[PDB]
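Enquirer: This is the content of run_1.cif (mmCIF, C-alpha atoms and all ligand atoms):
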data_run
#
loop_
_atom_site.label_atom_id
_atom_site.label_comp_id
_atom_site.auth_asym_id
_atom_site.auth_seq_id
_atom_site.Cartn_x
_atom_site.Cartn_y
_atom_site.Cartn_z
CA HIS C 1 -10.19 9.23 -5.07
CA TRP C 2 -12.96 7.07 -3.65
CA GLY C 3 -12.36 3.84 -1.77
CA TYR C 4 -13.65 1.91 1.20
CA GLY C 5 -11.62 3.59 3.96
CA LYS C 6 -12.59 5.86 6.82
CA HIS C 7 -11.84 9.00 4.79
CA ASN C 8 -12.84 8.05 1.25
CA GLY C 9 -15.42 5.27 1.89
CA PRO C 10 -19.15 5.03 1.10
CA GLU C 11 -20.11 7.82 3.52
CA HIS C 12 -18.01 10.27 1.51
CA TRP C 13 -18.99 9.26 -2.04
CA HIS C 14 -21.92 11.67 -2.25
CA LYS C 15 -19.49 14.66 -2.39
CA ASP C 16 -18.09 13.68 -5.79
CA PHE C 17 -21.18 11.66 -6.74
CA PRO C 18 -24.29 13.40 -5.49
CA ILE C 19 -26.54 10.63 -6.87
CA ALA C 20 -25.31 8.62 -3.86
CA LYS C 21 -28.28 10.20 -2.09
CA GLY C 22 -30.61 9.43 -5.00
CA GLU C 23 -34.00 7.72 -5.14
CA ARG C 24 -32.86 4.30 -6.52
CA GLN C 25 -29.55 3.46 -4.80
CA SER C 26 -28.14 -0.01 -4.15
CA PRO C 27 -27.65 -2.20 -2.33
CA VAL C 28 -30.74 -2.56 -0.16
CA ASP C 29 -31.97 -4.77 2.69
CA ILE C 30 -34.49 -7.28 1.40
CA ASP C 31 -37.35 -7.77 3.86
CA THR C 32 -38.72 -11.21 3.10
CA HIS C 33 -42.12 -10.52 4.72
CA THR C 34 -42.82 -7.36 2.68
CA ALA C 35 -41.22 -8.36 -0.62
CA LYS C 36 -44.23 -9.22 -2.78
CA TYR C 37 -44.69 -12.43 -4.74
CA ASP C 38 -45.43 -11.62 -8.33
CA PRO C 39 -46.49 -14.93 -9.98
CA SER C 40 -46.34 -13.15 -13.36
CA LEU C 41 -42.52 -12.88 -13.25
CA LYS C 42 -41.08 -15.23 -15.88
CA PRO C 43 -38.23 -17.63 -15.07
CA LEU C 44 -34.76 -16.18 -15.38
CA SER C 45 -32.93 -17.26 -18.58
CA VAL C 46 -29.20 -17.54 -17.98
CA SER C 47 -27.24 -18.69 -21.05
CA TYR C 48 -23.53 -19.01 -20.33
CA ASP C 49 -22.59 -21.91 -22.63
CA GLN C 50 -20.76 -19.57 -24.98
CA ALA C 51 -19.47 -17.18 -22.33
CA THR C 52 -15.84 -16.44 -23.26
CA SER C 53 -13.69 -15.27 -20.38
CA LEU C 54 -10.61 -13.16 -21.24
CA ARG C 55 -8.65 -12.03 -18.18
CA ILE C 56 -8.74 -11.31 -14.45
CA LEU C 57 -7.70 -7.90 -13.10
CA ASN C 58 -6.99 -6.36 -9.70
CA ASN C 59 -8.55 -2.91 -10.27
CA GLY C 60 -7.68 -1.54 -6.83
CA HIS C 61 -11.28 -1.93 -5.60
CA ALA C 62 -11.94 -5.62 -6.24
CA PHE C 63 -11.02 -8.09 -8.97
CA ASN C 64 -12.99 -8.34 -12.22
CA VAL C 65 -13.19 -11.31 -14.55
CA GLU C 66 -13.74 -9.79 -18.00
CA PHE C 67 -15.62 -11.42 -20.85
CA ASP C 68 -15.73 -10.99 -24.60
CA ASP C 69 -19.09 -9.32 -24.89
CA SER C 70 -19.31 -9.63 -28.67
CA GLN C 71 -20.44 -13.21 -27.93
CA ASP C 72 -24.09 -12.62 -28.76
CA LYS C 73 -25.27 -15.94 -27.22
CA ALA C 74 -23.67 -15.16 -23.79
CA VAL C 75 -26.76 -13.48 -22.43
CA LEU C 76 -29.14 -12.96 -19.56
CA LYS C 77 -32.83 -12.39 -20.40
CA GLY C 78 -36.31 -13.32 -19.14
CA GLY C 79 -37.27 -12.68 -15.53
CA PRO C 80 -38.17 -8.98 -15.19
CA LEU C 81 -36.18 -7.95 -18.29
CA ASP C 82 -37.18 -6.91 -21.82
CA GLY C 83 -34.72 -7.90 -24.51
CA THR C 84 -31.26 -9.31 -24.07
CA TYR C 85 -28.33 -8.35 -21.88
CA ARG C 86 -24.69 -9.39 -22.47
CA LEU C 87 -22.25 -10.54 -19.79
CA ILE C 88 -19.31 -8.10 -19.57
CA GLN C 89 -17.66 -8.98 -16.20
CA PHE C 90 -18.18 -10.49 -12.77
CA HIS C 91 -16.65 -9.50 -9.45
CA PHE C 92 -17.24 -9.96 -5.71
CA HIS C 93 -17.53 -7.89 -2.52
CA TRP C 94 -16.37 -9.39 0.77
CA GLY C 95 -15.58 -8.72 4.42
CA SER C 96 -12.71 -8.56 6.89
CA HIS C 97 -14.28 -11.71 8.43
CA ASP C 98 -16.97 -14.30 7.54
CA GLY C 99 -19.71 -12.46 9.43
CA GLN C 100 -19.98 -9.60 6.91
CA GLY C 101 -19.16 -8.73 3.32
CA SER C 102 -22.34 -8.85 1.28
CA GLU C 103 -23.95 -5.69 -0.07
CA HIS C 104 -27.60 -6.79 -0.15
CA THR C 105 -28.85 -8.15 3.15
CA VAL C 106 -31.82 -10.46 3.75
CA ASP C 107 -33.88 -9.56 6.79
CA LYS C 108 -30.76 -7.66 7.93
CA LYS C 109 -28.48 -10.77 7.55
CA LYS C 110 -25.12 -10.15 5.92
CA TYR C 111 -23.35 -12.91 4.05
CA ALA C 112 -19.63 -13.59 3.81
CA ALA C 113 -19.60 -12.22 0.24
CA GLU C 114 -21.65 -11.32 -2.77
CA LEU C 115 -21.02 -12.10 -6.41
CA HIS C 116 -22.16 -9.67 -9.11
CA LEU C 117 -22.56 -10.74 -12.72
CA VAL C 118 -22.82 -7.55 -14.72
CA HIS C 119 -24.73 -7.50 -18.05
CA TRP C 120 -25.62 -4.69 -20.45
CA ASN C 121 -28.71 -4.12 -22.54
CA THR C 122 -27.86 -4.83 -26.20
CA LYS C 123 -30.36 -2.20 -27.32
CA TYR C 124 -27.85 0.54 -26.30
CA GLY C 125 -24.95 -0.71 -28.41
CA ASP C 126 -22.31 -0.97 -25.65
CA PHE C 127 -21.78 -0.82 -21.89
CA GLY C 128 -20.72 2.82 -21.98
CA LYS C 129 -23.99 3.94 -23.56
CA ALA C 130 -26.13 1.56 -21.51
CA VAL C 131 -25.09 2.94 -18.08
CA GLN C 132 -26.72 6.25 -19.09
CA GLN C 133 -30.20 4.66 -19.22
CA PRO C 134 -32.55 3.40 -16.46
CA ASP C 135 -32.86 -0.08 -18.03
CA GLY C 136 -29.24 -0.13 -19.14
CA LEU C 137 -27.82 -2.96 -17.07
CA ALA C 138 -28.92 -6.12 -15.30
CA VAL C 139 -26.81 -7.35 -12.40
CA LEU C 140 -27.27 -10.89 -11.11
CA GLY C 141 -26.32 -10.94 -7.43
CA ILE C 142 -25.52 -14.18 -5.62
CA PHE C 143 -24.66 -14.48 -1.87
CA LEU C 144 -21.71 -16.55 -0.70
CA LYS C 145 -22.03 -18.46 2.56
CA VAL C 146 -19.30 -20.47 4.27
CA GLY C 147 -19.82 -24.26 4.09
CA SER C 148 -18.74 -26.89 1.60
CA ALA C 149 -16.36 -25.67 -1.12
CA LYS C 150 -17.64 -24.49 -4.50
CA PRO C 151 -15.63 -26.41 -7.17
CA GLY C 152 -16.46 -23.92 -9.90
CA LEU C 153 -14.90 -21.12 -7.84
CA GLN C 154 -11.51 -22.81 -7.36
CA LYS C 155 -9.90 -21.50 -10.58
CA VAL C 156 -10.78 -17.94 -9.48
CA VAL C 157 -9.45 -18.30 -5.94
CA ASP C 158 -6.17 -19.98 -7.05
CA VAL C 159 -5.27 -17.25 -9.53
CA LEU C 160 -5.56 -14.44 -6.95
CA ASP C 161 -2.00 -14.85 -5.62
CA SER C 162 -0.63 -13.61 -8.99
CA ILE C 163 -2.86 -10.52 -9.11
CA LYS C 164 -2.36 -9.51 -5.50
CA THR C 165 -1.81 -5.73 -6.14
CA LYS C 166 -3.62 -2.98 -8.12
CA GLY C 167 -2.95 -3.06 -11.85
CA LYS C 168 -1.87 -6.71 -11.95
CA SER C 169 -3.73 -9.09 -14.24
CA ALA C 170 -3.66 -12.61 -15.63
CA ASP C 171 -5.00 -14.28 -18.74
CA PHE C 172 -8.03 -16.24 -17.59
CA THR C 173 -9.55 -18.02 -20.58
CA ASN C 174 -11.97 -20.95 -20.47
CA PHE C 175 -13.56 -20.04 -17.17
CA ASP C 176 -17.22 -21.15 -17.16
CA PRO C 177 -19.37 -18.90 -14.97
CA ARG C 178 -22.06 -21.61 -14.79
CA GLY C 179 -19.89 -23.11 -12.06
CA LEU C 180 -20.85 -20.17 -9.81
CA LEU C 181 -24.68 -20.61 -9.91
CA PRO C 182 -26.78 -22.24 -7.14
CA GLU C 183 -29.37 -24.93 -7.92
CA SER C 184 -32.30 -22.51 -7.82
CA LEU C 185 -32.92 -19.40 -9.89
CA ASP C 186 -35.68 -17.99 -7.64
CA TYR C 187 -34.92 -14.27 -7.10
CA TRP C 188 -35.92 -10.86 -5.81
CA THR C 189 -35.91 -7.94 -8.24
CA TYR C 190 -35.97 -4.15 -7.89
CA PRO C 191 -34.67 -1.13 -9.82
CA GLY C 192 -31.44 0.30 -8.43
CA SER C 193 -27.92 1.50 -9.09
CA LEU C 194 -24.28 0.54 -9.53
CA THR C 195 -22.94 0.11 -5.96
CA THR C 196 -19.61 1.73 -6.76
CA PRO C 197 -19.04 5.23 -8.15
CA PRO C 198 -20.38 6.59 -10.42
CA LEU C 199 -23.42 4.94 -8.73
CA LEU C 200 -25.55 5.43 -11.84
CA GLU C 201 -29.20 4.45 -11.50
CA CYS C 202 -29.18 2.14 -14.51
CA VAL C 203 -29.59 -1.35 -13.03
CA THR C 204 -32.30 -3.95 -12.79
CA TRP C 205 -31.17 -5.91 -9.79
CA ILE C 206 -31.85 -9.65 -9.76
CA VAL C 207 -30.75 -11.13 -6.48
CA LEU C 208 -31.00 -14.90 -6.10
CA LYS C 209 -32.68 -16.32 -2.99
CA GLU C 210 -30.22 -19.23 -2.69
CA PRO C 211 -26.59 -18.52 -1.71
CA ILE C 212 -23.75 -20.57 -3.01
CA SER C 213 -21.68 -22.38 -0.43
CA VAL C 214 -17.95 -21.65 -0.53
CA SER C 215 -15.43 -22.94 1.96
CA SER C 216 -13.81 -20.83 4.63
CA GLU C 217 -10.48 -21.33 2.90
CA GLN C 218 -11.77 -20.10 -0.49
CA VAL C 219 -13.21 -16.88 0.89
CA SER C 220 -10.08 -16.23 3.00
CA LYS C 221 -8.08 -16.07 -0.26
CA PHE C 222 -10.08 -12.96 -1.32
CA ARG C 223 -8.66 -11.25 1.77
CA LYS C 224 -5.03 -11.79 0.74
CA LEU C 225 -5.48 -9.32 -2.18
CA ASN C 226 -4.31 -5.72 -1.56
CA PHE C 227 -5.90 -2.39 -2.56
CA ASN C 228 -2.46 -0.77 -3.09
CA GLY C 229 -0.11 -0.92 -6.07
CA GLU C 230 3.17 -2.84 -5.90
CA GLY C 231 5.67 -0.68 -4.05
CA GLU C 232 3.27 0.79 -1.54
CA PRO C 233 2.95 -0.67 1.97
CA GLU C 234 0.41 -3.49 1.93
CA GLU C 235 -3.19 -2.38 2.37
CA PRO C 236 -5.34 -5.56 2.61
CA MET C 237 -8.35 -5.65 0.32
CA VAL C 238 -11.21 -6.34 2.75
CA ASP C 239 -14.65 -4.75 3.44
CA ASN C 240 -15.07 -3.52 -0.08
CA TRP C 241 -18.86 -3.48 0.28
CA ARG C 242 -21.34 -0.60 0.31
CA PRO C 243 -23.96 -0.87 3.05
CA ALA C 244 -27.72 -1.07 2.51
CA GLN C 245 -29.28 2.20 1.27
CA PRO C 246 -32.78 3.66 1.70
CA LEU C 247 -35.43 1.78 -0.29
CA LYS C 248 -37.42 5.05 -0.69
CA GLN C 249 -40.47 4.50 -2.96
CA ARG C 250 -39.49 1.11 -4.44
CA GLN C 251 -41.11 -2.31 -4.20
CA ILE C 252 -38.97 -5.44 -4.15
CA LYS C 253 -40.75 -8.27 -5.99
CA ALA C 254 -40.16 -11.98 -5.55
CA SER C 255 -40.30 -14.64 -8.26
CA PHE C 256 -41.41 -17.17 -5.63
CA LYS C 257 -43.90 -17.42 -2.77
CL CL Y 1 -8.95 -22.91 -1.38
ZN ZN Y 2 -20.56 -5.26 -7.32
#
In structure tokens, what does this structure look like?

Expert:
Amino acid sequence: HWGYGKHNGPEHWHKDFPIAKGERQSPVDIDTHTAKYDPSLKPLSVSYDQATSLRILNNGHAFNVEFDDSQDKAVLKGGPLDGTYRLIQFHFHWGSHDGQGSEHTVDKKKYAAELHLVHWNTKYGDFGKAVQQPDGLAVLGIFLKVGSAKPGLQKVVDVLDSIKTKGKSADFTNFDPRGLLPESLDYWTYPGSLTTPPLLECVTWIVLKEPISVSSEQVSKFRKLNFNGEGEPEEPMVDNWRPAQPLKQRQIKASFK
């Protein structure tokens, strides 16, 4: 089974998932000098007022906050997207220390972590059908940098102690993901893939320019989670990120100059 270790980590995924060497893999390094301004890209429309969070789960790879995606007003649209995409879950990737942990990089700079807000294209009926199409999902990626604390993240970080091992979960209602967004919605966009197996090339990536600031203590709580199930010897959940992949024949566009 895949993981992030020496023997089952990202360098090994291609054996079970040959698309790992595909033409539209994620993440990627974003070169700010070559990314091209496209002043025809509409503002991003992020509507989370009626986002209805359900639970938080340690899935053995990261933790996912799951949403009720029948909420037809809880949607991402605009920007580079046609039609409407529904929020299903968000999760993070992070490092064994503050100097690494993001999946996308910006001019080769890695951030302490990266948040992914996963949405599926309503035109395909559900998430399971959408992942089989090239315009099936839209993932909103947001970098975390160490600085002042992020108040809207605190409810997430405080609940992690009770879901420390694989399989554990907690009810997690009335979490408002708007508390995780930076001031600015300027972004870079490119077509790419899920960054975990099955690595399907079904994602329009929308990566915000502006990181959110989280405190050193908040991010260190991510690192207290464990990959293993209860009753195995603790295996700290850190460095669950996939490194930058070849950009091949893709152009990264920017919503801003
Ligand atoms: Cl804290
Ligand atoms: Zn992710």

Enquirer: To one decimal place in Å, what is the distance between CA of residue 220 (chain C) and CA of residue 67 (chain C)?

Expert: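 Pair CA of residue 220 (chain C) / CA of residue 67 (chain C) returns 25.0 Å.
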
Enquirer: So what do you get for CA of residue 189 (chain C) versus CA of residue 124 (chain C), distance-wise?

Expert: 21.5 Å

Enquirer: Within 9 Å of ligand CL 1 (chain Y) (counting all atoms listed in the file), which residues show up? I'd like them as an MDAnalysis selection string.

Expert: chainID C and resid 149 153:154 157:158 215:221

Enquirer: Find the spatial neighbours of residue 27 (chain C), counting only C-alpha atoms, within a cut-off of 8 Å - ignore same-chain residues fewer than 4 positions away - and output them as a ChimeraX atom specification.

Expert: /C:103-104,192-193,195,242-245

Enquirer: Applying 7 Å and all atoms listed in the file, which residues near region 139-145 of chain C remain after dropping the ones on its own chain fewer than 4 positions away? List them as a VMD selection string.

Expert: chain C and resid 102 111 to 119 203 to 208 211 to 214

Enquirer: Once 3 Å is added on each side, what are the centre and the three edge lengths, in Å to one decimal, of the axis-aligned box enclosing the listed atoms of region 27-36 of chain C? Present them as AutoDock Vina command-line options.

Expert:
--center_x -35.9 --center_y -6.7 --center_z 1.0 --size_x 22.6 --size_y 15.0 --size_z 13.5

Enquirer: Which is closer to ligand ZN 2 (chain Y) than all the others in C:73, C:93, C:42, C:7, using all atoms listed in the file?

Expert: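 Among the listed residues, C:93 lies closest to ligand ZN 2 (chain Y).
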
Enquirer: In the coordinate frame of the file, compute which residues have an atom within 12 Å of (-16.6, -10.0, -27.2) when using all atoms listed in the file, and state them as a list in words.

Expert: residues 50, 51, 52, 53, 54, 66, 67, 68, 69, 70, 71, 72, 73, 74, 75, 86, 87, 88, 89, 126 and 127 of chain C

Enquirer: Do you have the CA of residue 199 (chain C)-CA of residue 65 (chain C) distance handy?

Expert: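 Going from CA of residue 199 (chain C) over to CA of residue 65 (chain C), I get 20.1 Å.
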
Enquirer: With only C-alpha atoms and all ligand atoms as the basis for distance, which of C:91, C:108, C:224, C:123 is at the shortest distance from ligand ZN 2 (chain Y)?

Expert: C:91

Enquirer: Any chance you could tabulate, as a tab-separated table, the residues of region 51-122 of chain C at most 6 Å from region 167-179 of chain C with each one's nearest atom pair and distance in Å to one decimal, using all atoms listed in the file, in chain and rising number order?

Expert:
residue	atom	partner	partner_atom	distance
C:53	CA	C:173	CA	5.0
C:54	CA	C:173	CA	5.0
C:55	CA	C:172	CA	4.3
C:56	CA	C:170	CA	5.4
C:57	CA	C:169	CA	4.3
C:58	CA	C:168	CA	5.6
C:59	CA	C:167	CA	5.8

Enquirer: With distances taken over all atoms listed in the file, which of C:228, C:249, C:25, C:64 is nearest to ligand ZN 2 (chain Y)?

Expert: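 Between C:228, C:249, C:25, C:64, the residue approaching ligand ZN 2 (chain Y) most closely is C:64.
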
Enquirer: Of the residues C:233, C:101, C:18, C:5, which is the one nearest to ligand ZN 2 (chain Y), using all atoms listed in the file?

Expert: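 Using all atoms listed in the file, ligand ZN 2 (chain Y) sits closest to C:101.
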
Enquirer: So which one's closest to ligand ZN 2 (chain Y), C:225, C:76, C:62, C:180? Using only C-alpha atoms and all ligand atoms, please.

Expert: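 Of C:225, C:76, C:62, C:180, the one nearest ligand ZN 2 (chain Y), counting only C-alpha atoms and all ligand atoms, is C:62.
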
Enquirer: Add whatever atoms are absent from region 1-27 of chain C to reach N, CA and C atoms, and provide the output as a PDB file, in the frame of the given file.

Expert:
ATOM      1  N   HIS C   1      -9.606  10.351  -4.348  1.00  0.00           N
ATOM      2  CA  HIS C   1     -10.190   9.230  -5.070  1.00  0.00           C
ATOM      3  C   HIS C   1     -10.952   8.380  -4.056  1.00  0.00           C
ATOM      4  N   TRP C   2     -12.077   7.846  -4.501  1.00  0.00           N
ATOM      5  CA  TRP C   2     -12.960   7.070  -3.650  1.00  0.00           C
ATOM      6  C   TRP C   2     -12.353   5.717  -3.304  1.00  0.00           C
ATOM      7  N   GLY C   3     -12.863   5.110  -2.245  1.00  0.00           N
ATOM      8  CA  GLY C   3     -12.360   3.840  -1.770  1.00  0.00           C
ATOM      9  C   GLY C   3     -13.315   3.340  -0.731  1.00  0.00           C
ATOM     10  N   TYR C   4     -12.816   2.503   0.174  1.00  0.00           N
ATOM     11  CA  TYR C   4     -13.650   1.910   1.200  1.00  0.00           C
ATOM     12  C   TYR C   4     -13.105   2.229   2.597  1.00  0.00           C
ATOM     13  N   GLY C   5     -12.271   3.263   2.703  1.00  0.00           N
ATOM     14  CA  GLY C   5     -11.620   3.590   3.960  1.00  0.00           C
ATOM     15  C   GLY C   5     -12.403   4.635   4.731  1.00  0.00           C
ATOM     16  N   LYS C   6     -11.930   4.936   5.937  1.00  0.00           N
ATOM     17  CA  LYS C   6     -12.590   5.860   6.820  1.00  0.00           C
ATOM     18  C   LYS C   6     -12.825   7.208   6.123  1.00  0.00           C
ATOM     19  N   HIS C   7     -11.852   7.634   5.321  1.00  0.00           N
ATOM     20  CA  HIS C   7     -11.840   9.000   4.790  1.00  0.00           C
ATOM     21  C   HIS C   7     -12.259   9.143   3.330  1.00  0.00           C
ATOM     22  N   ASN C   8     -12.414   8.016   2.647  1.00  0.00           N
ATOM     23  CA  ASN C   8     -12.840   8.050   1.250  1.00  0.00           C
ATOM     24  C   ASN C   8     -13.880   6.962   0.929  1.00  0.00           C
ATOM     25  N   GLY C   9     -14.430   6.338   1.976  1.00  0.00           N
ATOM     26  CA  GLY C   9     -15.420   5.270   1.890  1.00  0.00           C
ATOM     27  C   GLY C   9     -16.838   5.730   1.559  1.00  0.00           C
ATOM     28  N   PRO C  10     -17.791   4.794   1.576  1.00  0.00           N
ATOM     29  CA  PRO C  10     -19.150   5.030   1.100  1.00  0.00           C
ATOM     30  C   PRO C  10     -19.845   6.247   1.696  1.00  0.00           C
ATOM     31  N   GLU C  11     -19.444   6.681   2.885  1.00  0.00           N
ATOM     32  CA  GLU C  11     -20.110   7.820   3.520  1.00  0.00           C
ATOM     33  C   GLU C  11     -19.687   9.148   2.900  1.00  0.00           C
ATOM     34  N   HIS C  12     -18.607   9.097   2.123  1.00  0.00           N
ATOM     35  CA  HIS C  12     -18.010  10.270   1.510  1.00  0.00           C
ATOM     36  C   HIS C  12     -18.312  10.390   0.017  1.00  0.00           C
ATOM     37  N   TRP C  13     -18.862   9.337  -0.581  1.00  0.00           N
ATOM     38  CA  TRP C  13     -18.990   9.260  -2.040  1.00  0.00           C
ATOM     39  C   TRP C  13     -19.926  10.329  -2.603  1.00  0.00           C
ATOM     40  N   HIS C  14     -20.936  10.686  -1.815  1.00  0.00           N
ATOM     41  CA  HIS C  14     -21.920  11.670  -2.250  1.00  0.00           C
ATOM     42  C   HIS C  14     -21.288  13.024  -2.636  1.00  0.00           C
ATOM     43  N   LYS C  15     -20.107  13.353  -2.095  1.00  0.00           N
ATOM     44  CA  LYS C  15     -19.490  14.660  -2.390  1.00  0.00           C
ATOM     45  C   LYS C  15     -19.089  14.792  -3.840  1.00  0.00           C
ATOM     46  N   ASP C  16     -18.454  13.744  -4.372  1.00  0.00           N
ATOM     47  CA  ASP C  16     -18.090  13.680  -5.790  1.00  0.00           C
ATOM     48  C   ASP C  16     -19.234  13.137  -6.651  1.00  0.00           C
ATOM     49  N   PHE C  17     -20.109  12.354  -6.030  1.00  0.00           N
ATOM     50  CA  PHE C  17     -21.180  11.660  -6.740  1.00  0.00           C
ATOM     51  C   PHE C  17     -22.523  11.872  -6.068  1.00  0.00           C
ATOM     52  N   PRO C  18     -23.106  13.065  -6.265  1.00  0.00           N
ATOM     53  CA  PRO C  18     -24.290  13.400  -5.490  1.00  0.00           C
ATOM     54  C   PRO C  18     -25.469  12.438  -5.642  1.00  0.00           C
ATOM     55  N   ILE C  19     -25.454  11.586  -6.674  1.00  0.00           N
ATOM     56  CA  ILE C  19     -26.540  10.630  -6.870  1.00  0.00           C
ATOM     57  C   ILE C  19     -26.518   9.548  -5.786  1.00  0.00           C
ATOM     58  N   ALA C  20     -25.416   9.494  -5.037  1.00  0.00           N
ATOM     59  CA  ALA C  20     -25.310   8.620  -3.860  1.00  0.00           C
ATOM     60  C   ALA C  20     -26.455   8.814  -2.877  1.00  0.00           C
ATOM     61  N   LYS C  21     -27.136   9.955  -2.952  1.00  0.00           N
ATOM     62  CA  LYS C  21     -28.280  10.200  -2.090  1.00  0.00           C
ATOM     63  C   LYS C  21     -29.546  10.176  -2.938  1.00  0.00           C
ATOM     64  N   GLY C  22     -29.507   9.457  -4.065  1.00  0.00           N
ATOM     65  CA  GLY C  22     -30.610   9.430  -5.000  1.00  0.00           C
ATOM     66  C   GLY C  22     -31.771   8.582  -4.535  1.00  0.00           C
ATOM     67  N   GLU C  23     -32.747   8.408  -5.431  1.00  0.00           N
ATOM     68  CA  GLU C  23     -34.000   7.720  -5.140  1.00  0.00           C
ATOM     69  C   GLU C  23     -33.978   6.206  -5.481  1.00  0.00           C
ATOM     70  N   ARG C  24     -32.906   5.724  -6.114  1.00  0.00           N
ATOM     71  CA  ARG C  24     -32.860   4.300  -6.520  1.00  0.00           C
ATOM     72  C   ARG C  24     -31.462   3.707  -6.296  1.00  0.00           C
ATOM     73  N   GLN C  25     -30.912   3.901  -5.107  1.00  0.00           N
ATOM     74  CA  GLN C  25     -29.550   3.460  -4.800  1.00  0.00           C
ATOM     75  C   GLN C  25     -29.503   2.017  -4.307  1.00  0.00           C
ATOM     76  N   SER C  26     -28.368   1.365  -4.519  1.00  0.00           N
ATOM     77  CA  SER C  26     -28.140  -0.010  -4.150  1.00  0.00           C
ATOM     78  C   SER C  26     -26.840  -0.098  -3.370  1.00  0.00           C
ATOM     79  N   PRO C  27     -26.682  -1.125  -2.532  1.00  0.00           N
ATOM     80  CA  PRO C  27     -27.650  -2.200  -2.330  1.00  0.00           C
ATOM     81  C   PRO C  27     -28.764  -1.777  -1.399  1.00  0.00           C
TER      82      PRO C  27
END
